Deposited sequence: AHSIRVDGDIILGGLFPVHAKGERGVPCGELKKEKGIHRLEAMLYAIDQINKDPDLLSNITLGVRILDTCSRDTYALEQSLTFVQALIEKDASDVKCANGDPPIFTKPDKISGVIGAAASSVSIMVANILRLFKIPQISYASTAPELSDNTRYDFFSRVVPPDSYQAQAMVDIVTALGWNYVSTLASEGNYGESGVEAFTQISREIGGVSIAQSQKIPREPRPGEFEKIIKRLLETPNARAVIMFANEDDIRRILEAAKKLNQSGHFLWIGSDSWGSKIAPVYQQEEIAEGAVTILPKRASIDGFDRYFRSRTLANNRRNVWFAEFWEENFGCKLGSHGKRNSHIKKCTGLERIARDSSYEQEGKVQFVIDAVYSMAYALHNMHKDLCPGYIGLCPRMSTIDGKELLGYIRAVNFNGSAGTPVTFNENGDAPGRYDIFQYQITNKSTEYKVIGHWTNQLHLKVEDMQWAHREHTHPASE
């Protein structure tokens, strides 16, 4: 079976992009190490810590039903059909278009949903997505953050690039609407990366962006696989230093789009929601091996991809020791999403079963509308010490960290250059730039 299934008292659903979308038609392709495995194992980590915890859900064990989405909303729709036939809540998904398609069918069967990565403004709708919630802020605030950064840098002439789907198109739309409403920020052109990219499509996009030579700055709402190929095409056409990249949360502080393409990505300003690196997950993930992690059905494929061998592999390899490892940026949000579900179940248990230590007969079948009420009313400190809470729409506060990709001597890092919390707090003095030429006649 191509699924992770662990039995418990209350079973929680899981949607993760373990594999990236295949090239042209093919549903599933290459494995996602950071975006897939790191986040998937973070849910398993959280559940293990909750079941261990004597205070949170005493004498109660959470179940597991993790399914692969293959970076496709169409593929995730038929996978989400297995949730409805027992599943009490769903953690996920990653991409907004994927979360939207699943939320359309979960609301009819009244199953609460908490996402860890989906940021599309449409998901804030309390009528169309009444059972949807998220521990990440909507793109309404991220677009405003990117407007402020562009204003501070004085780049009044910008181009926009987006991946086909809700996140890319409506994220850029949010940036465009703010530009038209207030300020002197003007948009040169809006390009869209197709969902099924043709051979040589990425080379054509770069050439299309060169049709406005004055527009050096590019606002980018694209997935990590698209960013890598955009930067690859920019290197292929010798456009080093020309484009000034502005990346959203899908870019973040990720190693995937910049791997082996460090020089072309220099000086790129990136956005990511307020998060911290969790030491607890790092200790757990490093201890995971081929021998002890049979629970993860995709871990064998991960082993082959992480160390670069065929199952050639000794089995005595260790993560972070034999290969490069850094915790994925949204690992915190996966853990905080599971805890938000757990605390809500704990709070519902206190009202329905006031005496019994464990699952009582009154809490035999979990009501979807009732559980959702406890999710929205929950208030606790997360896995990083940061408070986790939901508003009237079921969204997280608009809090962001701003990074810049910098190269010094030989080392590369995403240096924290500022943060956006209701208003901008950018340090221009700490920003570094690469050396440049395209003449204009307009």
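For this session: Provide the list of deposited-sequence positions lacking C-alpha coordinates, grouped into contiguous ranges.
Result: Deposited residues absent from the model fall in 86-109, 336-346, 472-473.
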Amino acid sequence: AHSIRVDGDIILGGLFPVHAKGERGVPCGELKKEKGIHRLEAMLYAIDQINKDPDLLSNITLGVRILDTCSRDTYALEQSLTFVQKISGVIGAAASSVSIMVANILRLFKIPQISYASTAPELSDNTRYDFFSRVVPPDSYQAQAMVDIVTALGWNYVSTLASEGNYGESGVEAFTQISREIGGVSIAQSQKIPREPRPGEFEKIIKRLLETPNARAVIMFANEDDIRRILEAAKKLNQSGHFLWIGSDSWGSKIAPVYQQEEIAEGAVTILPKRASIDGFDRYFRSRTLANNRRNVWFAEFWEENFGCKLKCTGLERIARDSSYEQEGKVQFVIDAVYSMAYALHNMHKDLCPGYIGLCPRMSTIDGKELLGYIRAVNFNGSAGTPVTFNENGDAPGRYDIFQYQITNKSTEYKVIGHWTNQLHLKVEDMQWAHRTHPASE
From here on, numbers count along this sequence of modelled residues.
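Exercise. With respect to the recorded C-alpha B factors, which stretch has the higher mean value, 350-358 or 217-225?
Worked result: Looking at the record's C-alpha B-factors, the answer is 350-358.
For this session: Compare the mean C-alpha B-factor of 118-126 with that of 325-333 as given in the PDB entry, and name the stretch with the higher value.
Result: 325-333 has the higher mean C-alpha B-factor.
Exercise. Of the choices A95, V185, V172, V84, which one's C-alpha carries the largest B-factor in the record?
Worked result: If I rank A95, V185, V172, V84 by C-alpha B-factor, first place goes to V84.
Exercise. Which one, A145, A342, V158, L108, has the peak C-alpha temperature factor per the PDB entry?
Worked result: Of the candidates given, the C-alpha B-factor peaks at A342.
Exercise. Going by the entry, which third of its chain does the Cα temperature factor of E413 land in?
Worked result: Within its chain, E413 is a highest-third residue by C-alpha B-factor, going by the deposited values.
Exercise. Mind checking which third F132 falls in for C-alpha B-factor across the chain?
Worked result: It falls in the bottom third of the chain.
Exercise. Which third, lowest, middle or highest, does the CA B-factor of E181 fall in along this chain?
Worked result: Tercile = lowest for this residue's CA B-factor.
For this session: Report the third (lowest, middle or highest) to which the CA temperature factor of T365 belongs, ranking only the modelled residues of the same chain.
Result: Answer is highest: the recorded C-alpha B-factor places it there.
Exercise. Taking the entry's C-alpha B-factors for this chain, is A396 in the lowest, middle or highest third?
Worked result: Middle third of the chain for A396's C-alpha B-factor.
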